[PDB]
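Chemist: This is the structure I have questions about; it appears just below.
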Amino acid sequence: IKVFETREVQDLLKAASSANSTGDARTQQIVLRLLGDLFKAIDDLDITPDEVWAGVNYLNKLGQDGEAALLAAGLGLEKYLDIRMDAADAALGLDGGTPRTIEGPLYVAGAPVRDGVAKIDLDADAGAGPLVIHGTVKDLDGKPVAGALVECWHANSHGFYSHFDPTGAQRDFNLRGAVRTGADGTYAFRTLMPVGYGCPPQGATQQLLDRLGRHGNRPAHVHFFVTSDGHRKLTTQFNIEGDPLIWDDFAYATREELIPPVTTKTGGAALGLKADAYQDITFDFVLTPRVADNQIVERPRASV
Amino acid sequence: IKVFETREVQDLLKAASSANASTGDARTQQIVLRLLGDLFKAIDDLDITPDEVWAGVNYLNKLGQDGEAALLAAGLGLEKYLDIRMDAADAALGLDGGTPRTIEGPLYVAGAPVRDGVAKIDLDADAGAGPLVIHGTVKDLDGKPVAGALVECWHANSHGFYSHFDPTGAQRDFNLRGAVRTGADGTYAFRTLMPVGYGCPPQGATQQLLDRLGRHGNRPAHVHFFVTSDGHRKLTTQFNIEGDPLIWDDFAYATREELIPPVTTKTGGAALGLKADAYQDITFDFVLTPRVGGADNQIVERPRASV
Ligand SMILES: CCCCCCCCCCCCCCCCCCCC(=O)O[C@H](COC(=O)CCCCCCCCCCCCCC)COP(=O)(O)OCCN
Ligand SMILES: CCCCCCCCCCCCCCCCCCCC(=O)O[C@H](COC(=O)CCCCCCCCCCCCCC)COP(=O)(O)OCCN
Ligand SMILES: [Cl-]
Ligand SMILES: [Cl-]
Ligand SMILES: [Mg+2]
Ligand SMILES: [Zn+2]
Ligand SMILES: [Zn+2]
């Protein structure tokens, strides 16, 4: 049985997506398209009322859990946005900088900004060894970028982020920091080694992933923003070398270029670290110039 | 710029919708693959920006936090669409001539009092609502009265609020909710008060999106019914109160020409246990369809409140 092409369905689609205020034309356009696509899929796949109401109930749970942005990551929609942004840059030759990858839903605004270097582990974590991340911010010609704002955030040894830790064990901005580069363009973060993240086991995202036969885990990783006057804003990450989930990220974010080598070094005491032996990661950023920033993204983000 | 047909996007879609030790539910994988693929293609076709996507993601969070996803299903015509598909299936099977179905809406409550033949279902005083008597017969497709049918009724008060969903807390359990079991003559009657039309919660996610579309979130005054009977399919329907100005402008698209019975003012209300001599009277008949193959091929399972 197929009804999508009937006049009644077409009229219903038009009424539901248009004004009886005149409304927002762009919202009307997008709703018409998405509602029409949904109706056609229901027609094509013979999706039953019971199935629709189960999906409607799932949307209630998803929003109740506050997890719609987590599901956006888990279904590859967030990665898809990067694919489209990558293709846009390639058409304009705005590639060759450090590659972007997904932001994820766990950024928090307001971390204290330091000149040159920041120590960002505030809470003791006996399951996480000391880690130093350092490098240079440069332009496409290799010249250092001064005054760039490099922001970092990552998880603790239980896979939890500050401001999102269900045990309440972390202080504000634990494992979150911002460095303002000086004239030499260099940055360094002094922190602890992250462990991979997993979706809240009872949450809506994991519920649907379970139905798909999929896990909800990420490899260990570290997030970055880089903001600089005259350069486009970089959103990226890198993964911790050797993680078994490195090519099995439930958020599809891993890139071969974003897996820097990890090396063990000594002398941690002189760098203010909690142990003599520590892990060291060199990671350089290459920024691209503006045109106006045609790829910066505005989305809801936590703050304190 | 269009990327949907690239190998990378196609591989991403297949990975996101399929299993990685556990094998998953094939039907869920099938539906996710289709809906996710359609979403990716619409984003490509309409050049939907990251900012727009994240605003939509944020709206889904608000929708579920408000517990309004089923209200939006009604307001965007998805609930009506399900009835259109059920109607076409019935027409293909020759299940015609019954009372037309229409949408359930999200405000049913299980457990209301059941009486034989007649029920007075207004429990809370409501000075803004006059007495209303709804009566008729339940019949089959041969015009024969159906005995033992369960006719369930629920509707709003003069503020447009339903019991168990009244944010002022002013209504007791099962106010304006009740069920009548027909006798041998197939007759039912409800004694109640006149409903007023419903409006979406003004601060809720459903009204927020309706506002962006330039649309109101109001329903005309109406009364809901379930009718259940051994050997007949479960009827979900309503009727609208004649003369309501919103009667053909329901934000949930539920009005049908056959479901607008005439309203007549009558006297003698005291003898019917009513609060006034003058009352409004509505004759409304139900015609049921048979349960072919012993199975009800259109009964719907969805979350429903209870007490
Ligand atoms: C271009 C436009 C395309 C549409 C755009 C819509 C918005 C974006 C959508 C992105 C694509 C992904 C959609 C994913 C929907 C997942 C729904 C899962 C529901 C679910 O778990 O159902 C179980 C039964 O399964 C079943 O019944 C099988 C699955 C049936 C799912 C039907 C969904 C239809 C759509 C209805 C909502 C509208 C869209 C929602 C995203 C519940 O059952 P349980 O009780 O046993 O266990 C759970 C405990 N209660
Ligand atoms: C409920 C169950 C029953 C119905 C299910 C139907 C599902 C699909 C069928 C059609 C319905 C489409 C629904 C679209 C929802 C979002 C639209 C309104 C969002 C909104 O108010 O955005 C405004 C801006 O508009 C804009 O920016 C315009 C663009 C917004 C639309 C983009 C949609 C993208 C897809 C997202 C869903 C999939 C993700 C999860 C798989 C205000 O926002 P603001 O300016 O105040 O900003 C704050 C956030 N930053
Ligand atoms: Cl009684
Ligand atoms: Cl409200
Ligand atoms: Mg007839
Ligand atoms: Zn992360
Ligand atoms: Zn109603």
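Read-outs throughout are calculated quantities, based only on the coordinates presented, and are distinct from any laboratory measurement. Positions of Cβ are generated from backbone atoms using ideal geometry, with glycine treated the same way; all protein chains shown enter the neighbour counts.
Chemist: If B:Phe225 meets every condition in (1) closer than 30 Å to B:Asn61 by Cα; (2) of a type outside the set (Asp, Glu); (3) crowded, with 22+ Cβ neighbours inside 10 Å apart from one, which number is that one?
Modeler: The number of the failed condition is (1).
Chemist: Same structure again: Among the residues in region B:114-134, are any among the hydrophobic types (A, V, I, L, M, F, W, C), within 14 Å of another protein chain (Cβ to nearest Cβ) and either within 16 Å of ligand 1 (Cβ to nearest atom) or in contact with a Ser or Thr (Cβ under 6 Å, 6 or more places away or on another chain) (or both)?
Modeler: no
Chemist: Can you say whether B:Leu46 is more than 16 Å from ligand 6 (Cβ to nearest atom) and within 25 Å of B:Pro202 (Cα to Cα), as far as the supplied structure shows?
Modeler: No; evaluated as a whole, the condition is false for this residue.
Chemist: Here's another thing I want to ask about it. Out of B:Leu150, B:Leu141, which single residue is within 16 Å of ligand 3 (Cβ to nearest atom) and more than 24 Å from B:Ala270 (Cα to Cα)?
Modeler: Details: B:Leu141 fails: within 16 Å of ligand 3 (Cβ to nearest atom).
The match here is B:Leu150.
Chemist: Would you please name the residue that is nearest to the other protein chains (Cβ to nearest Cβ), looking only at residues in region B:1-14 that are surrounded by 17 or more Cβ atoms within 10 Å (Cβ to Cβ) and over 15 Å from A:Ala88 (Cα atoms)?
Modeler: Top of the filtered list is B:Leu12.
Chemist: Right, next: Report, by residue number, each residue of region B:272-307 that is under 15 Å from B:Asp140 (Cα atoms) and charged (D, E, K, R).
Modeler: B:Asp285, B:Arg291
Chemist: Another question, if that's okay. Report the residue count in region B:229-245 for those that are buried (at least 19 other Cβ atoms within 10 Å of the Cβ) and either within 19 Å of the chain's Cα centre (by Cα) or part of a strand (DSSP E or B) (or both). Give the steps one after another, and end with the answer.
Modeler: Going through region B:229-245, the residues buried (at least 19 other Cβ atoms within 10 Å of the Cβ) turn out to be B:229, B:232-233, B:235-241, B:244.
Subsequent filtering for residues that are either within 19 Å of the chain's Cα centre (by Cα) or part of a strand (DSSP E or B) (or both) retains B:232-233, B:235-241, B:244.
Final tally of qualifying residues: 10.
Chemist: Against the condition within 16 Å of ligand 6 (Cβ to nearest atom), touching a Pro at 6+ places or on another chain (Cβ under 8 Å), more than 14 Å from chain B (Cβ to nearest Cβ) and not in a loop (DSSP other than H, G, I, E, B), how does A:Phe189 come out, does it pass?
Modeler: So A:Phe189 does not fit the description; no.
Chemist: Would it be correct to say that B:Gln171 is more than 16 Å from ligand 3 (Cβ to nearest atom) and in a helix (DSSP H, G or I)?
Modeler: no
Chemist: Go through region A:52-69 and report how many residues are over 16 Å from B:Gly77 (Cα atoms) and within 7 Å of chain B (Cβ to nearest Cβ). Steps first, answer last, please.
Modeler: Filtering region A:52-69 down to residues over 16 Å from B:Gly77 (Cα atoms) leaves A:54, A:57-69.
Applying the additional criterion that residues be within 7 Å of chain B (Cβ to nearest Cβ) yields A:57, A:59-64, A:66, A:68-69.
Total satisfying the criteria: 10.
Chemist: Additional query: With the requirement that a residue be hydrophobic (A, V, I, L, M, F, W, C) and over 29 Å from B:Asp173 (Cα atoms), what does region B:288-307 give you?
Modeler: Once the filter is applied, which keeps residues that are hydrophobic (A, V, I, L, M, F, W, C) and over 29 Å from B:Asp173 (Cα atoms), region B:288-307 yields B:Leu288, B:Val292, B:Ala295.
Chemist: It is to be established whether one or more residues within region B:176-184 are of a type in the set (A, V, I, L, M) and over 26 Å from B:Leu71 (Cβ atoms). If you could, list the steps in order and put the result at the bottom.
Modeler: Taking region B:176-184 first, the residues of a type in the set (A, V, I, L, M) are B:176, B:179-180, B:184.
From the residues that got through so far, the ones that are over 26 Å from B:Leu71 (Cβ atoms) too are B:180, B:184.
Taking every residue of region B:176-184 in turn, at least one turns out to be of a type in the set (A, V, I, L, M) and over 26 Å from B:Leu71 (Cβ atoms).
Chemist: Scan region A:283-291 and tell me whether some residue there is surrounded by 16 or more Cβ atoms within 10 Å (Cβ to Cβ) and within 14 Å of another protein chain (Cβ to nearest Cβ).
Modeler: Among the residues of region A:283-291, not one is surrounded by 16 or more Cβ atoms within 10 Å (Cβ to Cβ) and within 14 Å of another protein chain (Cβ to nearest Cβ), which makes the answer no.
Chemist: Checking the conditions here, which among B:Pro195, B:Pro167, B:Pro245 is more than 16 Å from ligand 2 (Cβ to nearest atom) and within 14 Å of chain A (Cβ to nearest Cβ)?
Modeler: B:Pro245 is the lone residue from the list that is more than 16 Å from ligand 2 (Cβ to nearest atom) and within 14 Å of chain A (Cβ to nearest Cβ).
Chemist: Collect the residues in region A:15-58 that are at positive phi and either crowded, with 17+ Cβ neighbours inside 10 Å or touching a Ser or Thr at 6+ places or on another chain (Cβ under 8 Å) (or both), keeping them in residue-number order.
Modeler: Hit for region A:15-58 is A:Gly23, nothing else.
Chemist: If we keep just the residues of region B:247-282 that are part of a strand (DSSP E or B) and of a type in the set (A, V, I, L, M, F, W, C), which is surrounded by the fewest Cβ atoms within 10 Å (Cβ to Cβ)?
Modeler: Among them, the one singled out is B:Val263.
Chemist: Let me ask something additional. I'd like to check something: does region A:15-28 contain any residue that is within 27 Å of B:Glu301 (Cα to Cα), away from ligand 3 (no atom under 16 Å from the Cβ) and more than 7 Å from chain B (Cβ to nearest Cβ)?
Modeler: no
Chemist: Please indicate, with yes or no, whether at least one residue in region A:195-206 is touching a strand residue (DSSP E or B) at 6+ places or on another chain (Cβ under 9 Å), buried (at least 23 other Cβ atoms within 10 Å of the Cβ) and closer than 25 Å to A:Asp86 by Cβ.
Modeler: Yes, some residue in region A:195-206 is touching a strand residue (DSSP E or B) at 6+ places or on another chain (Cβ under 9 Å), buried (at least 23 other Cβ atoms within 10 Å of the Cβ) and closer than 25 Å to A:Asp86 by Cβ.
Here's the yes/no breakdown for (1) touching a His at 6+ places or on another chain (Cβ under 7 Å); (2) more than 8 Å from ligand 1 (Cβ to nearest atom); (3) closer than 24 Å to B:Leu71 by Cβ:
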{"residue": "A:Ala19", "(1), (2), (3)": "no, yes, yes"}
{"residue": "A:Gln28", "(1), (2), (3)": "no, yes, yes"}
{"residue": "A:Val31", "(1), (2), (3)": "no, yes, yes"}
{"residue": "A:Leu34", "(1), (2), (3)": "no, no, yes"}
{"residue": "A:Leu45", "(1), (2), (3)": "no, yes, no"}
{"residue": "A:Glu51", "(1), (2), (3)": "no, no, yes"}
{"residue": "A:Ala90", "(1), (2), (3)": "no, yes, no"}
{"residue": "A:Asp95", "(1), (2), (3)": "no, yes, no"}
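Chemist: Suppose we filter B:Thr49, B:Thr102 for residues that are of a type in the set (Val, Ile, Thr) and more than 9 Å from chain A (Cβ to nearest Cβ); which single one remains?
Modeler: B:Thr102
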